[PDB]
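Worksheet for the structure shown next.
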């Protein structure tokens with residue numbers, strides 16, 4: 008039972024490529040698989056995550072306040088987008 | 008029982024490509040598979056996530072306040088969009 | 008049962024490529040696999056994460072205040088986007 | 008059961024490539040695998056992380072205040088994006 012994978016075998020020219028090839032062959036127990044390829048996070052927020060095993064167990068008093076306030080400019084040209092013969096310009100006068 | 012996969016075998020020219028090829032062959036127990044390819048998160052918020060095993064068990068007093076307030080500009084041209092012969096410009100006068 | 012993987016075998020020219028090839032072959036117990044390739048985080052925030060084993064157990068008093076306020080400019084051209092014959096310019100007059 | 012991987016076998020020309028090839032072959036117990044390749048973090052913040060085993064156990068009083076305020080410019084051209092025959096310029100007049 009052979010397995011064969013061909014991706015972009017013969018490439019002639021000047022391309023602009025993003026390639027992600029994931030080949031997986033397999034064969035109280037737990038197994039976890041977390042694969043992440045080409046992940047972009049520009050403005051990402053996580054406040055409470057994975058607090059753990061029994062936090063704040065007894066009479067916890069938590070006062071959490073969060074403010075997202077301010078001039079923030081995120082100017083991106085060609086995010087995760089390859090180009091071959093083009094003109095990518097960010098002109099901020 | 009052979010398995011054969013061909014993606015973009017012969018490429019002549021100047022393309023702009025995003026390629027994601029995932030080949031999977033298989034054969035108290037738990038198995039978890041989490042694959043993420045080409046994930047873009049510009050403004051993503053998660054406040055309470057995966058707090059864990061028995062948090063805030065006994066007489067918890069939590070005061071959570073969240074405010075999203077402010078001038079934020081997210082100017083993106085060609086997000087996850089390859090281009091071959093084009094003109095991608097972000098002109099902010 | 009042979010396994011064969013070919014990616015970008017014969018490349019003639021001047022391409023601009025990102026290649027990520029992950030080949031996986033396998034065969035109280037726990038196994039965890041975390042693979043991350045080409046991960047970009049421009050403005051990423053994590054306030055409370057993995058606090059551990061039983062933190063803040065007894066009569067915790069936590070006052071957390073967070074403010075994101077200020078002029079911040081993130082000007083990016085060609086993020087995770089290779090280019091072959093192009094003109095990437097960031098002109099900030 | 009042979010395993011064979013070919014990536015960019017014959018390259019003729021002047022490309023600009025990022026290559027990441029991860030080949031994995033395998034065969035109270037715990038195993039953890041954390042692989043990270045091509046990770047970029049421009050402005051990344053982690054305030055509370057991995058606090059440990061039972062911190063702040065008894066009558067903790069924590070006052071945490073955080074302010075992100077100030078003129079910060081992050082001008083990047085060609086982030087994680089190789090180019091072959093191009094003109095990458097950051098002109099800040």
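Residue numbers (our numbering), protein chains in the order written: chain A, 8 to 100; chain B, 8 to 100; chain C, 8 to 100; chain D, 8 to 100.
For each residue, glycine too, the CB sits at the ideal point set by N, CA and C.
- The residue from B/67, B/10, B/97 with its alpha-carbon nearest to that of residue 80 of chain A is B/97.
- If you look at residue 73 of chain C, you'll find it in the beta strand (DSSP E) that goes 68–75.
- With respect to the C-alpha of residue 45 of chain B, the residue from C/72, C/99, C/87 having the closest C-alpha is C/87.
- Residue 53 of chain A is outside the set of residues whose beta carbon lies under 7 Å from a beta carbon in chain D.
- Using a 10 angstroms sphere on the CB of residue 54 of chain C, the tally of other CB atoms reaches 16 or more, which defines it as buried.
- Residue pairing for residue 23 of chain D: DSSP places it in a beta bridge opposite C/23.
- For residue 43 of chain D, the enclosing beta strand (DSSP E) has its first and last residue at 36–56.
- At a cut-off of 7 Å between C-beta atoms, residue 91 of chain C counts as an interface residue with respect to chain B.
- Look at residue 21 of chain A: its C-beta is under 7 Å from a C-beta on chain D.
- In terms of Cβ geometry, residue 14 of chain A and residue 18 of chain B do not form a close pair [threshold 7 Å].
- Proximity to residue 84 of chain B across B/95, B/91, B/25, B/78 peaks at B/95, based on C-alpha coordinates.
- When secondary structure is reduced to three states using DSSP, residue 91 of chain C falls in the coil class, being assigned neither helix nor strand.
- For residue 34 of chain A, the three-state secondary structure derived from DSSP is coil.
- Within the DSSP secondary-structure output, residue 86 of chain C pairs in a beta bridge with A/86, D/86.
- Residue 100 of chain C is positioned such that its CB atom lies closer than 7 Å to that of residue 100 of chain A.
- Across the structure, residue 57 of chain C and residue 23 of chain B are spaced so that their CA atoms are roughly 40 Å apart.
- Where residue 10 of chain D is concerned, the enclosing beta strand (DSSP E) starts and stops at 10–14.
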